[PDB]
*Asks:* 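Could you have a look at this structure, given as structure tokens, before my questions?
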Amino acid sequence: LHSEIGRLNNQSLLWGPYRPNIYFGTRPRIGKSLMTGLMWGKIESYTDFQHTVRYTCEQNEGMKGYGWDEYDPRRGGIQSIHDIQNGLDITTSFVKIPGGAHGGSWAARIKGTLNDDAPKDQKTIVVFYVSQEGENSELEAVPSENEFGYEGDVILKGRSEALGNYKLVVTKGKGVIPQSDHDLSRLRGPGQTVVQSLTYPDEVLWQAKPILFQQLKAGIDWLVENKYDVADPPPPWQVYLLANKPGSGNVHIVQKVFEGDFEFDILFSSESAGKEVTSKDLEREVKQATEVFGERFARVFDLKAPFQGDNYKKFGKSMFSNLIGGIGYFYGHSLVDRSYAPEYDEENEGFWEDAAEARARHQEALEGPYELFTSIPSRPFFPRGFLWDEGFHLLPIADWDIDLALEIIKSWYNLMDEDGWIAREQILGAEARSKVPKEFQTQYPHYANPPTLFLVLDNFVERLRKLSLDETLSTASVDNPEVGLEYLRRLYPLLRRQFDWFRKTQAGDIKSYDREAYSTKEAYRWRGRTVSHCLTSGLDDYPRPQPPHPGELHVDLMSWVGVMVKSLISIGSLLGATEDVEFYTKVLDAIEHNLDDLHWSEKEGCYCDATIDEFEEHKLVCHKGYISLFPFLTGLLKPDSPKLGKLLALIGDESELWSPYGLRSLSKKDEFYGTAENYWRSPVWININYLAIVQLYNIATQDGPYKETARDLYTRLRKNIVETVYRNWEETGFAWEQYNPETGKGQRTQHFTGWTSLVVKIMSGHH
Ligand SMILES: O=[N+]([O-])c1cc(NCCCCCCN2C[C@@H](O)[C@H](O)[C@@H](O)[C@@H]2CO)cc(-c2ccncc2)c1
């Protein structure tokens with residue numbers, strides 16, 4: 001049955017618009033296969049289209065906004081794009097139609113509606129770009145009956161091992177097609193849909209924009225050679241219409257030119273399924289997806305007071321849909337330093353300098369290929385897997401569809417190497433590398449990242465401990481406990497590998513110093529830190545011991561090990577791995593003690609990181625902020641704990657962490673408040689705030705001395721965080737990376753969906 005569900009999930013999730021790095025396109029979860037991409041741009045002159053054409057996601061003054069209104073990876077959804085430069089409001093509806101043996105069929109409707117400021121007679125060029133990679137596969141444009149192009153639909157017929165036989169149809173669409181009276185029309189036609197079928201070596205097919213432009217340049221060169229000139233030039237839109245030349249190849253360019261509003265459909269028909277997909281199929285299946293989307297949301301994301309109103313419902317749908325709509329499939333080689341240079345051990349004072357020298361050897365090389373199916377923080381700026389981000393992304397996603405979340409976790413864990421390392425930033429293939437300066441591509445096998453994916457596993461375990469085919473499949477791994485357990489059974493070794501890996505590579509040093517503590521074992525130090533940064537912790541510029549030092553201990557890291565060990569206890573125990581559960585219990589106990597012995601400041605009333613003095617003694621270094629609260633944030637303290645009580649005071653203290661907009665990353669009293677790049681040195685970040693809220697609720701709904709403070713802080717923090725993110729969404733249309741504690745303004749990057757989307761689950765409550 002486990003095997004059976006896997007196959008059914010496989011088949012359900014195969015197709016999607018799994019290209020979140022571009023405005024609109026599709027690919028299945030297969031490295032070397034069939035991909036599609038949308039491009040459009042207005043044309044007003046002989047030289048503007050190169051500047052106006054849209055393809056890869058960006059965000060600037062020319063673009064008002066864009067995103068998913070509704071989305072489910074099993075079903076499809078609807079995306080709207082508001083493009084200022086091109087005076088266009090676009091809608092891209094996509095839908096999956098199950099059947100056959102190759103992962104079903106799909107359709108999409110591209111609708112462009114000019115806005116009020118656009119010339120009513122604007123010419124918009126639209127391209128649908130189709131590529132296919134693989135050795136033993138074919139794809140061909142059925143030729144037109146007409147001389148110069150297509151009056152009606154474009155039919156591509158194709159075949160591969162993975163997809164079997166299929167056809168892909170670009171419909172004629174609705175809208176005015178401009179007509180040219182020029183002499184050129186005798187050779188190029190008056191104006192009509194055109195197709196160019198080309199061949200490039202497979203590994204460059206992703207480069208759709210240069211491939212298209214090469215064709216346009218060549219058409220223009222032909223005009224020049226053939227005496228079309230400035231005495232009597234064809235109109236721009238005809239100069240930029242490709243000579244129709246359909247045939248065989250691994251690239252197919254389908255080009256339409258419209259005057260005013262337009263729409264057209266894409267129909268993908270898997271031959272092994274029943275009849276081919278039609279535009280009436282599309283319309284109906286879109287209406288149906290909306291309905292199911294609506295019904296699922298009201299159930300899964302039932303927003304509690306005071307967010308039960310419609311304004312917040314719309315907000316929630318937008319935040320949720322953008323987060324789950326970010327899901328992509330990535331495939332290819334990564335850049336990794338496999339030297340394991342000894343300088344990376346950071347065992348001496350001044351290690352950052354040695355580590356730099358090693359990096360300057362540039363031993364990194366490409367390896368793989370790898371695949372990853374994951375949600376992402378940022379479509380415009382970094383559309384790719386980030387390890388601790390994903391832990392946050394999947395919390396709302398698991399609510400929606402635990403089986404999808406398990407799938408994403410599985411995908412991440414399949415990256416893990418023999419030693420137990422997963423790169424914290426997954427840059428898979430040349431398309432992905434195009435977004436990243438070469439200088440920042442290289443992953444380091446000694447760089448950890450918070451293991452927040454355990455939090456998702458935690459939530460699955462509690463769900464395990466306590467309809468349409470799609471609805472069925474979404475919860476199959478909880479409803480069928482045998483299946484849940486087999487999944488955990490298979491993942492459990494890699495979890496332990498990771499745990500062991502943290503203990504081997506991220507080890508702090510007690511024994512070499514005047515350090516005493518309940519345990520000589522439990523002590524941790526993030527590898528990879530520089531004078532100003534600690535990227536691997538995820539809190540980039542949060543203030544840490546100065547200077548960095550091999551004797552550092554980091555209270556956040558130990559807390560994460562604490563998270564992993566509690567998770568190992570629950571998972572081990574479901575699998576009766578008795579001897580390990582004994583090992584885990586001994587570790588947890590040592591951490592609880594060593595958190596106090598090594599990290600607690602009775603003086604400051606919070607946890608602190610620790611270094612080694614110029615006199616070689618263990619010195620606490622206290623920077624009141626997120627780090628300070630870690631044992632609490634990660635659920636490690638007893639609800640009666642006096643330490644927790646002092647942390648509650650710090651959290652609620654306005655002069656320290658408590659802004660009207662949420663918890664400040666760093667206290668206003670801290671000497672480093674607002675300094676440097678001020679990334680994690682004051683702003684309000686949603687992911688840590690989410691953790692505080694969850695922990696306040698836990699205390700609030702349980703007997704103890706702080707139940708009542710916890711309740712007030714929960715109530716208020718939930719309110720401040722949600723309302724801040726809502727307020728900014730209402731005014732700007734965006735989720736932001738972080739929020740200003742002075743003004744409440746969203747700042748840094750937009751389209752951060754992204755852990756800002758946690759706000760949908762904060763509104764939902766009932767933890
Ligand atoms: O492609 N660009 O044009 C481009 C590339 C990049 N660089 C990508 C570098 C990786 C970001 C990590 C964020 N990061 C922060 C950490 O603090 C979290 O802990 C960490 O996990 C998350 C992970 O999301 C930035 C911009 C940009 C543009 C305009 N405005 C602002 C920024 C644009």
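Values below: every heavy atom of this structure, side chains too, minus hydrogens, waters and symmetry copies. Indexing begins at 1, ligand by ligand and atom by atom, following the structure's order. Along the sequence shown, residues carry numbers from 1.
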*Asks:* With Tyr690, which residues qualify under side-chain hydrogen bond (donor to acceptor under 3.5 Å, both in side chains), at least two apart?
*Replies:* none
*Asks:* For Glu425 and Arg384: C-alpha separation, side-chain torsions, deciding distance, then whether salt bridge (charged side-chain N to carboxylate O under 4.0 Å, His left out) applies.
*Replies:* CA-CA 8 Å; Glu425 182 169 358; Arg384 63 181 162 278; 2.8 Å; yes
*Asks:* When you take the SG atom of each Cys, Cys622 and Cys608, is the space between them under 2.5 Å?
*Replies:* yes
*Asks:* Does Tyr66 have its ring centroid less than 6.0 Å away from the ring centroid of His82?
*Replies:* no
*Asks:* Could you name each residue pair satisfying salt bridge (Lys or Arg N to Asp or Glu O under 4.0 Å) that touches residues 442-452, not counting sequence neighbours?
*Replies:* none
*Asks:* Could you list each nitrogen or oxygen of ligand 1 that sits under 3.5 Å from a protein nitrogen or oxygen, with the atom names and the distance?
*Replies:*
{"residue": "ligand 1", "atom": "1 (O)", "partner": "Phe381", "partner atom": "O", "Å": "3.2"}
{"residue": "ligand 1", "atom": "17 (O)", "partner": "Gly538", "partner atom": "O", "Å": "3.3"}
{"residue": "ligand 1", "atom": "17 (O)", "partner": "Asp540", "partner atom": "OD1", "Å": "2.9"}
{"residue": "ligand 1", "atom": "17 (O)", "partner": "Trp680", "partner atom": "NE1", "Å": "2.8"}
{"residue": "ligand 1", "atom": "19 (O)", "partner": "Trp388", "partner atom": "NE1", "Å": "3.3"}
{"residue": "ligand 1", "atom": "19 (O)", "partner": "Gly538", "partner atom": "O", "Å": "2.3"}
{"residue": "ligand 1", "atom": "21 (O)", "partner": "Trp388", "partner atom": "NE1", "Å": "3.1"}
{"residue": "ligand 1", "atom": "21 (O)", "partner": "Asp389", "partner atom": "OD1", "Å": "3.0"}
{"residue": "ligand 1", "atom": "24 (O)", "partner": "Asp389", "partner atom": "OD2", "Å": "3.0"}

*Asks:* How would you list, by chain and number, every residue that makes a side-chain contact (heavy atoms from CB on, under 4.5 Å) with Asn720, sequence neighbours excluded?
*Replies:* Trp658
